[PDB]
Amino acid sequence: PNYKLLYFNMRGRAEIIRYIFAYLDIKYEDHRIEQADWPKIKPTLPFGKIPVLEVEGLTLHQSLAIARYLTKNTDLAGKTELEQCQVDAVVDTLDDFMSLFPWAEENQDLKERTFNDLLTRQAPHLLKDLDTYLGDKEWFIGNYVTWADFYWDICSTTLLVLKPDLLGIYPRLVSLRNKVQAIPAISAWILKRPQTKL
């Protein structure tokens, strides 16, 4: 159909949707909002947040709800209902952590304090658990890629911008990034996407 993605000019919370469109070879409009235009756009959206995805005029919201929609009936979702649950759960574990960062906090001293606590004290526990769950499997679920693996590439890319040595203990998690990035459609998207900090 006709797809229009609306987000800021960032990877951020839209990037999972962008990976899925690339992987499934689905054409879409990648509409990027400049910051100064956001007050104009915000009241037009159902819950006042981005990303949203318009599908033939119907506006969907919530990045992970949308990602899950786009992967319905594909192997990327998980091949069984139990595996779909495992995929969903890894995604929400990652998203829970990323959602703790006070990205819009105005007080920079409090913002940095929270970022530091998250990156220094809390992140090692997440990483240990992700690495234990992955084990020596090829991908999070087993022997095939799912959108949870995509979400790890995306989240880790941003965490690495914030803390460049983040993955220094976990080469299996690095190998997982490398495997996702080597998928030809993903590799091509990474080469062509706008270079933004976040």
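One rule holds for the numbers: they count along the sequence shown, beginning at 1.
Looking at 92-100 and 110-118 together, the entry lists the larger mean B-factor for 110-118, computed on C-alpha atoms. Looking at 64-72 and 129-137 together, the entry lists the larger mean B-factor for 129-137, computed on C-alpha atoms. Highest C-alpha temperature factor among 51, 39, 171, 57 per the entry: 39.
Among all modelled residues in this chain, the alpha-carbon of residue 44 has a temperature factor (C-alpha) in the highest third. Per the PDB record, residue ranking by Cα B-factor puts residue 155 in the lowest third of the chain. Among the modelled residues of its chain, residue 165 has a C-alpha B-factor that falls in the highest third according to the deposited record.
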